[PDB]
Amino acid sequence: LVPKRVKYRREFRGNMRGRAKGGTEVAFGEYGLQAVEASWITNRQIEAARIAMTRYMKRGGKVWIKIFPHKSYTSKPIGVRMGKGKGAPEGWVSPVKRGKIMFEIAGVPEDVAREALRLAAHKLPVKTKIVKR
Amino acid sequence: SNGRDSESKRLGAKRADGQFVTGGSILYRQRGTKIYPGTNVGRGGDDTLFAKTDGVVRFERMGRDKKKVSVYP
Amino acid sequence: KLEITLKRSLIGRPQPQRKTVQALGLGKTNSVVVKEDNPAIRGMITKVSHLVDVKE
RNA sequence: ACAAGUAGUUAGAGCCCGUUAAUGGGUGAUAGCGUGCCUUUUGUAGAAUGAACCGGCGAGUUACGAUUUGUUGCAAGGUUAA
RNA sequence: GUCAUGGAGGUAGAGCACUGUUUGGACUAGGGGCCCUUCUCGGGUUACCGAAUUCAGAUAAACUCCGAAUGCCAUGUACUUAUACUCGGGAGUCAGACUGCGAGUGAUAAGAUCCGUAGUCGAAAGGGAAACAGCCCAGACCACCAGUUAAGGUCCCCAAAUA
RNA sequence: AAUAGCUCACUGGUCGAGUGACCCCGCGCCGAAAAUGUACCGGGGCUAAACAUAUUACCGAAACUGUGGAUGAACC
RNA sequence: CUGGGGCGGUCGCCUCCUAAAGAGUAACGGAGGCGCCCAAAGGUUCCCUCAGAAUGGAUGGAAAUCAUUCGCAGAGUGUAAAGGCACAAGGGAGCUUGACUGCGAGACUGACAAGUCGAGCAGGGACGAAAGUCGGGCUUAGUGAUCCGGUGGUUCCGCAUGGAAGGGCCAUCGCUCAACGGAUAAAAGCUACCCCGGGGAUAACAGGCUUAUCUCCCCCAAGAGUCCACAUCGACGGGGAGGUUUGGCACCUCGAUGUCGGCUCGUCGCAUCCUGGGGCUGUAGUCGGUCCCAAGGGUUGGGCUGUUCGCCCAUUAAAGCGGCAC
RNA sequence: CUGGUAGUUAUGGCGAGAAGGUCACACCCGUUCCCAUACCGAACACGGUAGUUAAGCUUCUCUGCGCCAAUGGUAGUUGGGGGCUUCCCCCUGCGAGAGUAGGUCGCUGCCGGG
Ligand SMILES: CCC[C@@H]1C[C@@H](C(=O)N[C@@H]([C@H]2O[C@H](SC)[C@H](O)[C@@H](O)[C@H]2O)[C@@H](C)O)N(C)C1
Ligand SMILES: [K+]
Ligand SMILES: [Mg+2]
Ligand SMILES: [Mg+2]
Ligand SMILES: [Mg+2]
Ligand SMILES: [Mg+2]
Ligand SMILES: [Mg+2]
Ligand SMILES: [Mg+2]
Ligand SMILES: [Mg+2]
Ligand SMILES: [Mg+2]
Ligand SMILES: [Mg+2]
Ligand SMILES: [Mg+2]
Ligand SMILES: [Mg+2]
Ligand SMILES: [Mg+2]
Ligand SMILES: [Mg+2]
Ligand SMILES: [Mg+2]
Ligand SMILES: [Mg+2]
Ligand SMILES: [Mg+2]
Ligand SMILES: [Mg+2]
Ligand SMILES: [Mg+2]
Ligand SMILES: [Mg+2]
Ligand SMILES: [Mg+2]
Ligand SMILES: [Mg+2]
Ligand SMILES: [Mg+2]
Ligand SMILES: [Mg+2]
Ligand SMILES: [Mg+2]
Ligand SMILES: [Mg+2]
Ligand SMILES: [Mg+2]
Ligand SMILES: [Mg+2]
Ligand SMILES: [Mg+2]
Ligand SMILES: [Mg+2]
Ligand SMILES: [Mg+2]
Ligand SMILES: [Mg+2]
Ligand SMILES: [Mg+2]
Ligand SMILES: [Mg+2]
Ligand SMILES: [Mg+2]
């Protein structure tokens, strides 16, 4: 997951105060993985979590990713002093605020849903709750 | 490659609603008409609104979306 | 009619609060002042309620 | 001569004195509190600087102009220079 | 300084009306796979691609149909308070520090760096935090073998509850 | 080796009262390895002398007050 | 200027974000523009409305020019961006030169120098029937002081007098003086042969903070392992600890904190190399693997290189890894 | 009742449906004259009134779109406090945006004709 293009290559880190403004109630699916605390989710983590979910479902049911990594983040190499302008874009993140449903699944029985979602949760840097519609 | 910016131009209201002004007092500095010349108010070449007579400044709604400033003796 | 007593120090307090305590007419800690109960005075007290004690 | 000390200070027995006569002097068991002075610093007990100690010597002056305040004399005048 | 009244201003939040980013579904013009006379012109094919269209759902420092708290400017015949301004004489200062809050840079590192805002230190002794410029409480004119409180405390070191 | 042995999805007997999931909150447990010496409450030590909620006494500053004194300004 | 200096980049002006809903506000923070242009792209009077799509139609194609419909603006506005603009500030046409001279109450901005706006008055005009508008352009960049020179004007001065020379005043021209408040009319390097004044205001060593990186330890378990995730390995991802690495910062020390390796002397940690005890094993035995307890003692001599490190020879029960100003 | 001309944040707009007309107002008829088209009497301008309410206009109906909009709650936040802190919690005051109950097919002048 990467934006096809961006207006600006470099972007403020932002903050993650408050409950997610949208996407707090499960919408397209039966079961959802809900962020309990805030965190940046990288595109690498979304993929690791997606494949874990989907593999356990064995190409059965549907998987909605409800977060998208819109925000770039930069880094400076090792051995580089402070200053001389902002670093090069390194990766893509989705700032997830508490209460945001990150993944939704349908078309599998509860037991399989609840297992696929715990397998996904173990790839994410954020405390999660499983919630059902 | 960045590191540039122009001098800040000190735009915005220069006299308060309900304040007495003398003729020629600049009321609002602006690019374009954020606020329109009301009664006894002129619009200068750079869109500066100035009192044409002495009196009291009143910022008023024009209609729904627009705003004007007037000077009432 | 209110009796206002300055109970906390102004050291470490912002200027607005200090200026209000001054306008109430309070000086040193444990200074007392007697004021007519108006909205003007009530409003001052509200700004510095954490610094003063108020009786009747 | 069982003590851990910027050396005093506050409390204080004991012992020894006796004054510019004072709610006095010397010493100080013991107890509390307590990181010199100066310079330079955001910040120095400083493991930053300077001084071994004592003594002497050792740093905003004068002249001529400017300006301002004070004072005094005279006042639409005042004042002389060589 | 507060109260009342009026006003400028687009932040927080929110929203998706615009611009960008974006998910799923339905729809549907093309293009690309597959055979046919064929010039693959067009059919019969299609989840190999794909531009609009809508339905639902997200997202933003440089998005806004909206929009606070505060702060700001002013008015008053309001209540308190005690300064403002002008003109002269004399300065010093132009290495700041940390803490809290709001931002950037950084790695949402630094006792980092750079602004904004408040405080303390600087130039502030006293009490607390063992010790501890910058934290908590609080401002030392002098004397007293008087009293009441603050933070912090009350078994012993160690004043106060083995409440 | 396969067959059987045991043990059993399934029971009527006993013996007989509770027993099994799931969610939330409080306080704890593991995860937890560094270099001179205990050494991550200042110490002693504490099972409260810890924590939560409520309550009240007291201690505690050069704060404020009391008594005496010195002094600046403004006013009369 | 500079997260030491050099190298690189930058230096003035405009627009936006940063900027915390007045104004202002920093960084070698995030993005773009300017050093002009226009005789109309200025003034005024009158009239007008754009983008795109659908449908139909010769050349004619996805797209040229017609026509109808829908279309608040999805266009345009000389040029960046922001704020404005559809009574248009956008688009036509007619006449024009106000892209005027003297000014200017009063305001904004502001250390100063400068910069900005301005009703209104007078002169004389343009357009308009008039009302009226007009001192350039929708607004905000498009510029540079003084001194010195040049040119034009001039009811100014003219060193005894008349003149003149020369000066003054008004107008205007001549500089990337762009390091853009411009040291001069006129200016590059090397120093390990160096010197003085200073600074821990500022680098090289070590300490400190930080821990990205590094080392170690974990979580999840796709898998590998005939079968079997977990004997042993363990992808994609996730969480820590340590403070030995490579780094960041610049807080102590520049009126000196000697800096690599070795020698001598060790001492400490345990994340254990050997020896001791133990669990699991894909442990028959002999050997091993892996984990747990354990820091008592022990832990070699040579070849090469200044080396540390490393490779090699020969041993050994073993030839541990780290800290102590490496 | 209708023509003209104003004010008022669209509660006033859009869309849909219906009715109406010699008194206006329209369309409408004509290009001789003033005056017009970068071609076009389409428009503008001038002169008419045979025809027509079809359209504009006027009145009436409706909530499909828009617009307006409470209360309550929530976010945020001034001030005051706490934490375990990418952040979160408590007290006091202020208090959205969204959503909603609801509202709206306007209202208020002056002049001429009837
Ligand atoms: C990478 C080095 C870092 C610096 C070293 C040190 C220093 O200056 N050392 C001096 C020494 O010279 C003599 S030893 C020959 C002196 O005896 C000794 O005391 C001392 O001054 C000299 C070697 O340069 N600094 C404090 C930091
Ligand atoms: K997790
Ligand atoms: Mg600026
Ligand atoms: Mg102009
Ligand atoms: Mg305080
Ligand atoms: Mg003794
Ligand atoms: Mg002893
Ligand atoms: Mg010395
Ligand atoms: Mg003098
Ligand atoms: Mg926001
Ligand atoms: Mg925004
Ligand atoms: Mg601060
Ligand atoms: Mg700092
Ligand atoms: Mg100082
Ligand atoms: Mg102090
Ligand atoms: Mg102490
Ligand atoms: Mg000090
Ligand atoms: Mg006391
Ligand atoms: Mg007491
Ligand atoms: Mg006691
Ligand atoms: Mg006192
Ligand atoms: Mg640095
Ligand atoms: Mg550097
Ligand atoms: Mg602002
Ligand atoms: Mg000359
Ligand atoms: Mg002559
Ligand atoms: Mg300069
Ligand atoms: Mg040589
Ligand atoms: Mg330093
Ligand atoms: Mg170092
Ligand atoms: Mg050191
Ligand atoms: Mg610094
Ligand atoms: Mg020395
Ligand atoms: Mg061990
Ligand atoms: Mg050798
Ligand atoms: Mg060494």
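Deposited coordinates in this entry are attributed by the record to cryo-EM, at a stated resolution of 2.3 Å.

**Re the overall build of chain B**
The number of helices and strands found in chain B is zero helices and eight strands. Helices and strands appear in chain B in the N-to-C order β-β-β-β-β-β-β-β. Expressed as lengths along the three principal axes of its C-alpha atoms, the size of chain B is roughly 55 × 30 × 20 Å. Counting only residues that meet the buried cut, chain B has 25% of its 73 residues in that class. Sequence-distant contacts, at least 24 apart, represent 44% of the contacts inside chain B between residues at least 6 apart. Total accessible area on chain B stands at roughly 5000 Å², and carbon and sulfur atoms take up 45% of it. Treating the 16 positive side-chain charges of chain B as one cloud and the 8 negative ones as another, the clouds have centres 2 Å apart.

**Digging into the protein's contact with RNA strand H**
Neighbouring residues of RNA strand H: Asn15(A), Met16(A), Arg17(A), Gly18(A), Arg98(A), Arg61(B), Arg64(B), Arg13(C), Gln17(C) and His50(C). Taken together, the sugar and phosphate atoms account for 77% of what RNA strand H places within 4 Å of the protein. Here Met16(A) contributes a backbone N or O atom positioned 2.9 Å from a phosphate oxygen of RNA strand H. Backbone polar atom of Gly18(A) to a phosphate oxygen of RNA strand H: 2.7 Å apart, as the coordinates give it. Of the residues contributing to the surface near RNA strand H, the split by class is one nonpolar, four polar and five charged.

What counts and what doesn't
- Residues numbered from 1 in each chain as written, not as in the entry; some residues may be left out.
- Chains lettered and ligands numbered in written order.
- Part of a larger assembly, values for the part shown.
- Heavy atoms only, no water.
- Helix = DSSP H or I, 4+ residues; strand = E, 2+ residues; numbered from the N terminus.
- Buried < 20%, exposed > 50% of the residue type's maximum accessible area, 1.4 Å probe, protein only.
- Contact = heavy atoms within 4.5 Å.
- Areas by Shrake-Rupley, 256 points an atom, 1.4 Å probe, with all protein chains shown as cover.
- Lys, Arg positive; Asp, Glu negative; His and termini not counted.
- Charge placed at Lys NZ, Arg CZ, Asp CG, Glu CD.
- Near = heavy atom within 4 Å.
- Polar contact = N/O pair within 3.5 Å; in protein donor to acceptor, adjacent residues only side chain to side chain.
- Nonpolar A, V, L, I, M, F, W, Y, C, P; charged D, E, K, R; others polar.

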